[PDB]
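What follows is a set of notes on a single structure, which appears directly below.
These numbers come from the heavy atoms of this one structure, side chains and all, not from hydrogens, waters or symmetry mates. Lettering follows sequence order; numbering is per chain, from 1.
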Amino acid sequence: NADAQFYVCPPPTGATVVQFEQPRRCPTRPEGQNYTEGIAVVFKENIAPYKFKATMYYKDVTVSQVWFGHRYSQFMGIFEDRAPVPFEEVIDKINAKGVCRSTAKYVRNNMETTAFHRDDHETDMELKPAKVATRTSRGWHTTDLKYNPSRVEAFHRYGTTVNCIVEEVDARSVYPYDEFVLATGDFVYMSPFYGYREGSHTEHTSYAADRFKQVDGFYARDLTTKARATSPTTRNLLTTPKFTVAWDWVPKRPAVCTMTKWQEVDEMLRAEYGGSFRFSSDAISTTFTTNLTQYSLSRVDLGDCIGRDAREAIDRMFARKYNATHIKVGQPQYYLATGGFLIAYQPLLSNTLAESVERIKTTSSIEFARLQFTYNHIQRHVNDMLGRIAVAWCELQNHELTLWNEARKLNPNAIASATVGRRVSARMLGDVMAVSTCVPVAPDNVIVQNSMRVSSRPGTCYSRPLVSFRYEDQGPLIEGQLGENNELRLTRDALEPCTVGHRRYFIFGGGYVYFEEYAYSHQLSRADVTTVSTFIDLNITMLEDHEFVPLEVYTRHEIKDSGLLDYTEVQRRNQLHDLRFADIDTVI
Amino acid sequence: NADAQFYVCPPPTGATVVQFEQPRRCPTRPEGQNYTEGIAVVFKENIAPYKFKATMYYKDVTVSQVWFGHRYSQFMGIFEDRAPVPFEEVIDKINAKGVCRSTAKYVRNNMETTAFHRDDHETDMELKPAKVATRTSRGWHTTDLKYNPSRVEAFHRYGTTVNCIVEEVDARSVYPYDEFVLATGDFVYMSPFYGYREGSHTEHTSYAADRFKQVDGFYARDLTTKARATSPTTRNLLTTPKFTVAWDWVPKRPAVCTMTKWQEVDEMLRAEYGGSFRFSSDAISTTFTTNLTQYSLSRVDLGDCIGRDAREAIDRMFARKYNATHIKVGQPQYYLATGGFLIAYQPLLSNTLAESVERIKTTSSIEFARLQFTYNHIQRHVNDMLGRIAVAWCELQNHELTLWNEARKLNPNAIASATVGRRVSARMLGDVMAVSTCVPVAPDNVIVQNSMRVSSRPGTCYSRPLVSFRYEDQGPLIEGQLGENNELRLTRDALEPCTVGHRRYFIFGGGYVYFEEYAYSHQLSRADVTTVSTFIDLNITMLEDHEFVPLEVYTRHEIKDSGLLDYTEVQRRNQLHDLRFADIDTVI
Amino acid sequence: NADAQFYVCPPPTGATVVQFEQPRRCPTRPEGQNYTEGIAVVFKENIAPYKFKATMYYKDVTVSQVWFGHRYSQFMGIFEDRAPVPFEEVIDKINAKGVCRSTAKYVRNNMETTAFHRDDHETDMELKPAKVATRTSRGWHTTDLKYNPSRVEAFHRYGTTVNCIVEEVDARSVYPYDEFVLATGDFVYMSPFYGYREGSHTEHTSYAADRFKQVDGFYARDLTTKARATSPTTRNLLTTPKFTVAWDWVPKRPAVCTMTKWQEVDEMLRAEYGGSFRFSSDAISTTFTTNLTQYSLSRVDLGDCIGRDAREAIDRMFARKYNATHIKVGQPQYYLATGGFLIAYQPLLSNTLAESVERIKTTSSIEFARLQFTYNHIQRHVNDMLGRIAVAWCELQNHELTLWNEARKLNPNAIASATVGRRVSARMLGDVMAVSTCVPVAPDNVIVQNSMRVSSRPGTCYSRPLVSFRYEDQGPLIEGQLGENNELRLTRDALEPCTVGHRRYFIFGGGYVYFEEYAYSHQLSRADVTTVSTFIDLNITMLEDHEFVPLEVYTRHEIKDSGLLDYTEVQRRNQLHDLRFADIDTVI
Ligand SMILES: *[C@@H]1O[C@H](CO)[C@@H](O[C@@H]2O[C@H](CO)[C@@H](O)[C@H](O)[C@H]2NC(C)=O)[C@H](O)[C@H]1NC(C)=O
Ligand SMILES: *[C@@H]1O[C@H](CO)[C@@H](O[C@@H]2O[C@H](CO)[C@@H](O)[C@H](O)[C@H]2NC(C)=O)[C@H](O)[C@H]1NC(C)=O
Ligand SMILES: *[C@@H]1O[C@H](CO)[C@@H](O[C@@H]2O[C@H](CO)[C@@H](O)[C@H](O)[C@H]2NC(C)=O)[C@H](O)[C@H]1NC(C)=O
Ligand SMILES: *[C@@H]1O[C@H](CO)[C@@H](O[C@@H]2O[C@H](CO)[C@@H](O)[C@H](O)[C@H]2NC(C)=O)[C@H](O)[C@H]1NC(C)=O
Ligand SMILES: *[C@@H]1O[C@H](CO)[C@@H](O[C@@H]2O[C@H](CO)[C@@H](O)[C@H](O)[C@H]2NC(C)=O)[C@H](O)[C@H]1NC(C)=O
Ligand SMILES: *[C@@H]1O[C@H](CO)[C@@H](O[C@@H]2O[C@H](CO)[C@@H](O)[C@H](O)[C@H]2NC(C)=O)[C@H](O)[C@H]1NC(C)=O
Ligand SMILES: *[C@@H]1O[C@H](CO)[C@@H](O[C@@H]2O[C@H](CO)[C@@H](O)[C@H](O)[C@H]2NC(C)=O)[C@H](O)[C@H]1NC(C)=O
Ligand SMILES: *[C@@H]1O[C@H](CO)[C@@H](O[C@@H]2O[C@H](CO)[C@@H](O)[C@H](O)[C@H]2NC(C)=O)[C@H](O)[C@H]1NC(C)=O
Ligand SMILES: *[C@@H]1O[C@H](CO)[C@@H](O[C@@H]2O[C@H](CO)[C@@H](O)[C@H](O)[C@H]2NC(C)=O)[C@H](O)[C@H]1NC(C)=O
């Protein structure tokens, strides 16, 4: 007790008047974003090589030189070479009959060299299947054993082997498609699209004209089944210095593409704001950003697959999910998104609402677009809910003004003190409130009287306790009456008829003063009285800090290590052989 | 002023009565998600090859042919070959004594060829350490110098070199482990697990039976220290056409695994909703999703490491962090998560409680699971806090009704107008409120009288100003009295005794009208009076838009370029040699 | 109707008194995080090889052996070798005059071998440009055609070719830079920084001293234009067993670096909390975390580029964006961030406020730092807005107390019931409220009287309906008067003068009871009366669940397959050749 201040308040006068702030104009809900519904196909930069089937035709020519010492034989040398099979032989012997000449006649080191199997006369040898090995393609050959000369004591002799080999191999080529490789690791410096017809003669070739041939209406004969193909092809044949390679010719534009279809999105919402389109997919949790102008497909080099694949996928998705409820609005539109993604977009409309060239470079990481989706999804919800709270809060403040301007007529002192921000006396001057600042009085300078009975006129009593006080620690003593909430009135006018059973508690300092039968009893602290709350609880807690550690499924070291052989390490090791096991400096 | 409407309101009648909406049932704080506490071990698809130590044994056989011209010597040819060391020599000469025969006797090109070092008689040569090189493994050899024939003017002569080489090399194999490679780049077309015992003879082998040998109880002798191993091994030996390779045989199942332990999580919470489990780790900020049914380990090909590694890690983590406060509930459980992660989970409980085969394919990106964790963490907090606000808001609206139904008794006109949404007169008909719509009056049609004194009975005055007005711009003039907030009463009945010091402000149009001693003074604008606010401020602001740009630490081009040599570029360049520096077409 | 409890309320007494909870201390808006403004440069671990230009000098020596059979010629062998060009020839013939000797004299297999082009006398041959090929570097050679011996029936003859070749090639080297590779796939076991001067003789070399030479003041002569360089260089020349290689010598430290500049951030904010710095960039949406202590650059092996690049970029960004408005505070600071990113940071200040060695390992994924930025950005906004709502809510609850303690004087029964939480009678005992629990009465035990007229004194009427009731289903019948909200009073004291037009509705059970001219009319349900709401609506909805699926632009299989040739697949296929097309076991 005796900690809270007391106050004496003079009667207010028109010298200072106040009014309550009138209702504020409440904010409006921000208008919801307009989304165009649509179907989309997202394309990425093509990194995969163009793949096709090819067939190699060559003869393994081997010339061994043997020395016949006493009771032992020794190879003095083994010359190994690959000779190309001529076109006449590929067409008239291999494809027509499944045989090869037992001789190899070809140009090597600027000389026309000729080899004969076993050094015998030329004969047509039957091609037969190679021994099976796992994961390899088909192959055929004419000979299993190497031929070596027969013994002649103390002589050096030579023996020739000629094995005609045929192999089906996968061929690979990368943009700009001016050369290709075979599964054997052999390069071919000619475009896989090179030919005579349809302007294909302008494609790249590093070889002389006579090294190339194109056969129209060619029918392949299978070497194992001996069956002839049902339909013809345009067969390309190229004779390199080491082998002849054949493959089916096809037009370039419909075969290759610098873009690859990546995602088919049947629910792609398009929004427009800030001079850009936002294409968001709820299924893949991704948001792409683009300029408002379409990207002309004429800018894409070899982009013919884009329109073709987009139209097929869009029509398929539309038929599967929308044919019964929506319509297509115009033809597909193309947009280039940040990160190098090309989006083919088909806008839709519900039935109920129907009244020079370059290459795009795609990033390897989509995470920026998934963070964009996630941030936008959360931001939109938080801004919506906080916007609703801001509106409701303003409406509540305006609505309660009706209670405040009614309460002020009942107790202007309390309402003025609560709104002005300091203890004041107040009085209504019609429709405005006059105010005056109250003077504080220390709790030590007040004394309550022991009785509320009016001795001067029995049967009448004071409504509130009589009090005695002084403005300063030393000075005159003033007689007054206790008012509401530590108020000290300069007049003893609050009177009532005395009634039996009188019990009262009045606020006195930081506690209460109890009275019975118009006589003092004792002081109390607020803790002595039962407390009930007019407050509605709201337990809001902050979202705690969180630390994201670095995390990878496979480190780049594990990715480098997953390869069975590392060309760099094999070469480093093999080239150290002479430095480890020989002497590169001593001369004899 | 004249910038606001006036109103005349007829006395209400029981024709229209209203009541206040009774307290609404407030929403309940939703029940929190139940979490099982547990320890987890997350496994990913294994991409690393199986690694083991092997030893190669071969002889570098070299036959040089030299021409001895006048005052100069010239190599006419240098034949180089690698011959395998026979099993008898690997066991009885190399491993037993650290020596090799100075001869090489082997099969090449279907012939039994024999070579002698320096063309001398056979002798046992001592193996000695190879010259040191950085980053390479150990190696031994018998000879440093190449042997070339001695000069004989105008003759072609031959000279043989045989260098026995032994090398320790790293071997690698990938699933299904049917072949392996050596650090030299050489392939071995046999499973590293092939053998005779324990059903290992069913493993793959491309070689004839006599090319393989298995020595039980083999003791390796170190070629440098000459020390014999303390414990024996089962030694596999395979003679290929180019070299003999040896390695220790081990059972397949305990050696390889198609899954790899990736993360050990000591605090993995498991929630269940929507027919799926959500495994979340606060430490790695990741949430995995799975079906409710366990994944049977019997489905995993070669998955024996999963149970073994999971049990070891779970027990280790439990001992370190939980032995004093929790218990294990049942045996470890296995669940396959979206993205191809296999989770081994051990449920825990506080001490205070309980009274054909496949290959899993793992994604290289964990970001979907980290976005899932982040979104769930934010969503859960926002839904909790907004849920608490929704509850408190409803509780407050219900609580406030007690003040509203008390305020309506004091001023039914203002309270009815504030709740009905339009200006009306009102009256309490017991426990309901009768209402009637007020007719507007333009401010131009009203005139206030200059005095509030009652001339007919001095000493009495009007409580509020007398007013004169008309309903229409031209029509009869009606005499009345000013009511509250621009109300116009049709009766001059509000009276009081006249008192000295009378000062009053009354609402008049968009401002006030001041009076002194019951006589008019002047009009005022609301801006002329001091304003105090009954409103509690709340400054909510929207979360701004944010653009995420693409960002990579290393682009795939930088990753590709990080390799020292590129096999494709080296081959492309080397195969162009004849097209650049020679003539592949001219014939002489 | 007759579906809600009635209550008999006894007069309260001082046996139980209550007070309202006094205003709570409202929470404070937490102090905002302080941010130091600055410019930053982020460095990552360097993965790119050191690249430099080199020139190879070698002679392609070819010795063919031809057999001249009747009407055909055949190669018996073709020995091919690469011989290094001596220093005297590179300097005095090639660089001085653009010619090579037509002979090759070099050491091979411990013998000094000499070859003569066409077996003719030595002559100086002119180097001329090689035939053009796409994507290859420059090259020169002396000879186009291979030389083969002329026909001599039934003889074996030998022919020598010597083609001097010069090629400009790209050289690559990786840390620790102790060796390098050429574009041809050839390794050089010497540091590219090796030399004599400036302590460079301490660098690695696997070659003998006489195999290396360094020419100071060397002037390169272009082989095509014949023009001599304007400025000299220090030329390194190394003769390996297969070729001579030359390159310009440069000091190591300024040429290589173990770190690479990755991002230049002109707006990097640095915050400090929890004993760590947080460097956030709004432009790249990334937050890096570091310890408070700077990372000493002296710890970085070969880190000289870090200081140089940081100072250049910081000064450039400052000049472009800050020179007119800020100042630099001290020299650049270096901090190592989680994930292995080294941050060079330059603190700034606005003009208005101016009064052994290691190698850092960088993660390939930045996503943890982008999640960190995103989470922090959302968390900070949500905590700010919810913090403001918590403050405003408390301020509102405290402000409303002024209305509550005024309403209790008007209707203590209703206000006590609303705050205590159960139906009670109440009375003000001065400044505290006395309370007493009301006893319930079932609606079935209540009967209303048909008239409100006081028969004993005409002209006077009861203010509220007269009622009859019993406490139990069987017992004495008590006469009383209807109070507020289903209260039953034990005294018929509420009286008024009877007036014309009397109409009233009183709460009776879950409905109302209507009266006219002081006589009963009928009962009504609440639904029969027009309802108006005192509640402010707030429609909060939960943020729905969302599932993030795995998503990748390119799978690791597509990345692996993007390479044109795969060394592992080519070797696997080529080493199977004999197992497929030959017989490795048969002996003849
Ligand atoms: C979102 O789309 C709606 C139509 O669905 C647009 O609303 C129309 O706006 C104009 C201009 O104010 C009015 O004349 C129409 O009467 C509105 N139509 C309807 C049905 O209300 C709106 O402008 C669009 N908003 C944005 C941000 O693009
Ligand atoms: C969207 O359009 C803007 C131009 O309005 C493009 O921005 C330019 O891009 C080029 C290439 O990077 C730069 O050379 C220019 O300096 C940029 N200008 C500006 C003002 O920033 C932007 O690349 C387009 N984006 C997409 C996805 O199409
Ligand atoms: C306000 O809400 C928080 C929860 O957000 C309450 O804190 C939890 O209290 C229990 C009981 O002591 C603890 O076991 C939990 O660990 C606490 N959780 C957190 C996240 O701190 C808090 O008690 C509530 N306060 C009030 C006054 O109701
Ligand atoms: C979450 O776990 C709690 C126990 O911690 C479950 O609560 C019990 O639920 C039953 C059925 O309604 C009641 O009989 C008990 O009285 C509850 N116990 C307590 C302590 O409240 C709850 O059912 C679980 N909920 C879910 C969704 O799993
Ligand atoms: C969880 O179980 C569901 C089946 O209830 C699995 O979904 C099926 O997966 C196959 C193979 O991808 C598809 O062909 C089916 O069309 C799917 N069915 C449905 C109804 O979607 C799902 O793969 C399982 N997930 C995990 C992580 O085990
Ligand atoms: C409401 O809060 C915002 C901050 O969220 C206050 O905005 C600042 O206003 C000043 C004055 O225009 C600017 O100098 C600051 O740059 C603003 N800060 C931000 C982050 O925008 C705003 O003043 C507050 N409004 C009220 C009425 O208090
Ligand atoms: C953040 O920076 C501000 C200055 O912009 C610091 O504010 C001072 O804080 C102390 C301690 O309460 C006060 O005595 C001063 O009066 C404040 N200065 C001003 C100009 O307001 C503050 O210390 C900093 N806080 C942190 C966490 O770094
Ligand atoms: C920041 O400083 C702390 C030490 O105060 C470093 O923490 C240690 O990191 C190493 C390597 O991971 C561990 O072997 C130690 O056990 C860690 N010590 C402790 C007490 O945890 C931390 O690596 C530093 N981080 C940065 C980015 O510099
Ligand atoms: C509260 O707000 C929600 C939106 O957050 C309203 O829900 C929409 O209601 C219409 C009509 O039923 C539907 O067509 C939409 O699909 C709903 N949207 C969502 C996101 O659910 C809801 O009607 C509002 N409730 C009240 C009482 O106004």
Next on the checklist: So for C:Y158, is it side chain, backbone, both, or neither that comes closer than 4.5 Å to the heavy atoms of chain B?
Outcome noted: side chain
Checklist entry - Side-chain contact, heavy-atom cut-off 4.5 Å: B:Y554 with C:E45? => result yes
Item to check | Side chains of B:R580 and C:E167 in contact at under 4.5 Å (non-hydrogen atoms) | outcome: yes
Checklist outcome for this item: Scanning both residues in full, the closest heavy-atom pair of B:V17 with C:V529 reads O-CG1, 3.9 Å
Next on the checklist: Closer than 3.5 angstrom, by distance alone: can the side chain of B:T419 be matched with the main-chain N or O of C:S533 as a donor-acceptor pair?
Outcome noted: no
Checklist entry - Between the side chains of B:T362 and C:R556, does any donor sit under 3.5 Å from an acceptor? => result no
Next on the checklist: Please find the pair of heavy atoms, one from B:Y567 and one from C:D566, that lie closest to each other, and give the distance.
Outcome noted: CD2-C, 4.4 Å
Item to check | Part of C:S365 lying under 4.5 Å from any heavy atom of chain B | outcome: both
Checklist entry - Does B:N110 reach the main-chain N or O of C:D583 with its side chain, forming a donor-acceptor pair under 3.5 Å? => result yes
Checklist entry - If you count heavy-atom pairs under 4.5 Å between each of C:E179, C:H502, C:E406, C:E484 and chain B, which one has the most? => result C:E179
Checklist entry - Checking C:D178 against chain B: side chain, backbone, both or neither under 4.5 Å from a heavy atom? => result side chain
Checklist entry - Does the side chain of C:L386 reach to within under 4.5 Å of the side chain of B:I389, using non-hydrogen atoms? => result yes
Checklist entry - In terms of heavy-atom proximity below 4.5 Å to chain B, should C:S206 be classed as side chain, backbone, both, or neither? => result neither
Checklist entry - Are any non-hydrogen side-chain atoms of B:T338 and C:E547 less than 4.5 angstrom apart? => result no
Next on the checklist: Checking side-chain polar atoms at under 3.5 Å, does B:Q19 have a donor or acceptor matched by the opposite partner on C:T531?
Outcome noted: yes
Checklist outcome for this item: CG of B:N405 to OG1 of C:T534, rounded to nearest 0.5 Å, is 8.0 Å
Item to check | Crowding at CZ, B:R71 (>12 non-hydrogen neighbours, <6.0 Å) | outcome: no
Checklist entry - Between C:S137 and chain B, which part of the residue has a heavy atom less than 4.5 Å away: side chain, backbone, both or neither? => result both
Item to check | Part of C:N109 lying under 4.5 Å from any heavy atom of chain B | outcome: both
Checklist entry - Is C:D545 paired with B:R380 through a side-chain N to carboxylate O contact shorter than 4.0 Å? => result no
Checklist entry - What part of C:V382 is in contact with chain B, defined as an atom under 4.5 angstrom from a non-hydrogen atom: side chain, backbone, both or neither? => result side chain
Checklist entry - Any idea which of C:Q571, C:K44, C:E367 has the most non-hydrogen atom pairs under 4.5 angstrom with chain B? => result C:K44
Next on the checklist: Quick one, B:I536 and C:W393 - any side-chain contact, counting heavy atoms below 4.5 Å?
Outcome noted: no
Item to check | N/O donor-acceptor pair under 3.5 Å between C:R172 side chain and B:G563 backbone | outcome: yes
Checklist entry - Quick one: what part of C:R464 sits under 4.5 Å from any heavy atom of chain B, side chain, backbone, both or neither? => result side chain
Checklist outcome for this item: Nearest heavy-atom approach of C:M385 to B:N539 is SD-O, 4.3 Å
Next on the checklist: Strictly distance-based, threshold 3.5 Å: is any side-chain N or O of B:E21 a donor or acceptor partner for the main-chain N or O of C:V532?
Outcome noted: no
Checklist entry - Minimum heavy-atom separation for C:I165 to B:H577, with atom names? => result CD1-CE1, 3.8 Å
Checklist entry - Judged by atom type as modelled, is there a donor-acceptor pair below 3.5 Å linking the side chain of B:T568 to the main-chain atoms of C:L565? => result yes
Item to check | B:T240 side chain reached by C:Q575 side chain, heavy atoms, under 4.5 Å | outcome: no
Next on the checklist: Rounded to the nearest 0.5 Å, what separates atom CG in C:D60 from atom CG in B:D578?
Outcome noted: 8.5 Å
Next on the checklist: C:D537: which residues meet the salt bridge (charged side-chain N to carboxylate O under 4.0 Å, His left out) condition with it, sequence neighbours left out?
Outcome noted: B:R24
Checklist entry - Quick one: does C:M111's side chain get under 4.5 Å of B:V66's, heavy atoms only? => result yes
Item to check | Contacting moiety of C:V391, where chain B heavy atoms sit under 4.5 Å | outcome: neither
Item to check | Region of C:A133 in contact with chain B, defined by heavy-atom distances below 4.5 Å | outcome: side chain
Item to check | Choice from C:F506, C:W262, C:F368 maximising heavy atom contacts with chain B below 4.5 Å | outcome: C:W262
Next on the checklist: Do B:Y72 and C:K105 have side chains that approach each other closer than 4.5 Å (heavy atoms only, starting at C-beta)?
Outcome noted: no
Checklist outcome for this item: When the 4.5 angstrom heavy-atom criterion is applied to C:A283 and chain B, the contacting part is backbone
Item to check | Option that, when pairs with chain B are counted at under 4.5 Å, heavy atom only, ranks first among C:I415, C:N411, C:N46 | outcome: C:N411
Item to check | Leading residue by heavy atom contact count with chain B [cutoff under 4.5 Å; candidates C:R108, C:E112, C:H204] | outcome: C:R108
Checklist entry - Can a donor-acceptor pair be found between the side chains of C:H546 and B:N376 at a distance below 3.5 Å? => result no
Checklist entry - Would C:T160 and B:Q74 count as having a side-chain donor-acceptor pair, cut-off 3.5 Å? => result yes
Next on the checklist: Report which part of C:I588 has an atom under 4.5 Å of a heavy atom belonging to chain B: side chain, backbone, both, or neither.
Outcome noted: both
Checklist entry - How many angstroms lie between CD1 in B:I378 and OH in C:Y375, if you round to the nearest 0.5 Å? => result 6.5 Å
Next on the checklist: Check whether C:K131 reaches the backbone of B:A582 with its side chain - one donor and one acceptor, N or O, closer than 3.5 Å.
Outcome noted: yes
Item to check | Proximal component of C:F515, with respect to chain B [non-hydrogen, under 4.5 Å] | outcome: neither
Next on the checklist: Is C:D81 in contact with chain B via its backbone, its side chain, both, or neither, using a 4.5 Å heavy-atom distance?
Outcome noted: neither
Item to check | Contact winner vs chain B - C:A414, C:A407, C:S463, C:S364, heavy-atom pairs under 4.5 Å | outcome: C:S364
Item to check | Spacing of CZ belonging to C:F535 relative to CG belonging to B:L396, to within rounding of 0.5 Å | outcome: 10.5 Å
